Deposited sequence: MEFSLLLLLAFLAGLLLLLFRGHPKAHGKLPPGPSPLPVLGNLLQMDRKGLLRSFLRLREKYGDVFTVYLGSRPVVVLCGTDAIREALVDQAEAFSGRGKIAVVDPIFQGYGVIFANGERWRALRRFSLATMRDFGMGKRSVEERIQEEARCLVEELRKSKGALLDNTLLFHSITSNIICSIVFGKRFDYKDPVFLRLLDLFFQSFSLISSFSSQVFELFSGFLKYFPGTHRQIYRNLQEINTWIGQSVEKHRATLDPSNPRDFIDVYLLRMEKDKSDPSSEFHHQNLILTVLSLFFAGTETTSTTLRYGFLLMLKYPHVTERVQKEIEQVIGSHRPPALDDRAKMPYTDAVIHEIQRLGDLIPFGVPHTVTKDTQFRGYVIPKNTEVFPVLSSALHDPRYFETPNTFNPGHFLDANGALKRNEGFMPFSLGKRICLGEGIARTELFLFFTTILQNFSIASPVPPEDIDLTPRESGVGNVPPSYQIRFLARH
C-alpha cells in the first residue's frame, strides 16, 4: 500500500540506489524512475517523498493536519528530543506554535520592524567603517540575523565586535556546516550504529549544549530580574505563562520546552536567512543590471534621505520580485524539513502508515518549469506580470506550506527586504571576480554558496 520505489534491504535499506552526490540529488534521481511520489528506505526507515508543486500542495494544503507531523533529524534529535517548537508534535507542538506565534508578535516595546531597521542602521554604520576594503559578509550576516532573534528572546542585541558573542556565534554556525556535511547525512541513515563511534555528531552536540547553557543562564537572569507587569521579550513571557500554569503538570510550558524553544528560534531563523542574504548579494555581483535597477527603484520610491521601511515594499515591486527570485534560486532549503503523518493516511491510491516520514522536496517546486519559464536561470521575470506588478506563484514555497509553514516567514521577508534595500540604499558593490566569471554552484538540509570577497562602496 506504500508508494512505489526500489527494493529495501534490511539494515541498509535503499543505500544502493542512492547517489553519492547527496540526499537531495538522490531523491531527484529516483523521481525520474519511480515518479512524483515514491517510497525510499533509509536503513530501517521508510520515507515517502513528495516532488512537484502539486504533490506537495495536495499533502500540505489539501490534507494539512494529516501532514502536520514533524519528523526527526538524526544529528540534532539527541539535543532536541521532541521538545521545542520545531521538533514538537501533537499537543506539544500546537501549544508551542500557538504561543510563539502570538508572543514574538507582541513583546520584544519596539516593533519587529523597528528592531530590524535599527539593526540595519548599525550594519550601514559598521560597513561604512571598512572604507570599501574586500570582505566575506558571512560573519556580519550571521551577526545581524542572530542579533534579530536575540532581540526577540533576550530583549537585547550585541555589538558586531563584542568577542564573547562572536565566540559563541562562531561555534553555533560551525554546527550548520557540520549539520549539512556528508558525514551528517550518512549519520542520518545509520545513527543507531554511529552514535557510538566518534564523528561530527558529538561536535554538533557540544556546540549546541554550550549554547543551551548560555540560554540556561539568560533564563535564570531573567527570573531574577523579572517585571511581570512589563515583560521585555520572549523569555519574560514564557516565564509568566509558566507560573500561570503552576497548578497544571500535563501542561507543556516547562523549563525544557523554554530552552529548546529559544534554541530552536536561533536554529531555524539565522543561517537560512543569513545565507539567503549572502546568496542575494552574490547574485547582485553577477548581474549588476538588476542591482542598478534596484538601487534605482530605491531612488524613486524611497530617495536617499530616509531609511527603508517595510511599507516601501508594496510600492517596490521590482526589488520585491528580486528577493522572490533570490529565494527561489537559492533554494536554500531544498528538501524541506521532515514531516510525519499524524494518522494513517489516504493519498493518491496509496496508504501511508501513521507517523511515516514525509519529505517535501521544495526544490522541485522552486524549479517547476510550469511556474517558471527559466528555472535554472536567475530571472526576476518569474514574478512580474505585463504591467510590472508583483506576481503570485504556486511554485513558490520556499517557506513550505500547510500547518508547518515557516513560523518566521515574515521576519525573514521583512529582514531580507529591509537589509537589502538599506544596504543597497547606501552602498554600491564590487569584487575581484568579474561578473562573467562568478560561479554560483554550491548541499545538505541547507544549501550554501561559495565564500566570496566583496566591497561596500559608500555613496554620497
{"property": "In sequence order, the deposited-sequence ranges that have no modelled C-alpha atom", "result": "1 to 28, 137 to 138, 473 to 474"}
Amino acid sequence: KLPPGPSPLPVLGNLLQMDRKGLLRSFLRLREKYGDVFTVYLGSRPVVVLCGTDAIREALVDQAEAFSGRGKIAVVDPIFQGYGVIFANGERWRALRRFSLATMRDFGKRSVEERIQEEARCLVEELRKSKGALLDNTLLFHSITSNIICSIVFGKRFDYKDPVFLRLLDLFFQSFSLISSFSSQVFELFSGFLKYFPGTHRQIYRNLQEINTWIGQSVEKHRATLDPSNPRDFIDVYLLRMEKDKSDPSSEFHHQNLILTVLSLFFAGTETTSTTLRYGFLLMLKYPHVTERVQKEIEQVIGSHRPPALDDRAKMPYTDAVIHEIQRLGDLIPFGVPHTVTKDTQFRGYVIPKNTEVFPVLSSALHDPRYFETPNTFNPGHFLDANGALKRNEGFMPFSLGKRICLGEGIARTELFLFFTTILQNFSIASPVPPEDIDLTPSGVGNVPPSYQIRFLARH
From here on, numbers count along this sequence of modelled residues.
{"item": "Stretch with the greater mean C-alpha B-factor as recorded in the entry, comparing 341 to 349 against 133 to 141", "value": "341 to 349"}
{"item": "Mean C-alpha B-factor comparison - 251 to 259 and 321 to 329, higher one", "value": "251 to 259"}
{"item": "Residue with highest C-alpha B-factor in the PDB entry, from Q174, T276, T374, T356", "value": "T356"}
{"item": "Deposited CA B-factor, highest of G280, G192, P369, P360", "value": "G192"}
{"item": "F27, C-alpha B-factor rank within chain (lowest, middle or highest third)", "value": "middle"}
{"item": "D170, C-alpha B-factor rank within chain (lowest, middle or highest third)", "value": "lowest"}
{"item": "Chain thirds of CA B-factor: placement of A365", "value": "lowest"}
{"item": "Chain-wide C-alpha B factor ranking for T53, given as lowest, middle or highest third", "value": "middle"}
{"item": "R413 - which third its CA temperature factor falls in, relative to the rest of the chain", "value": "lowest"}
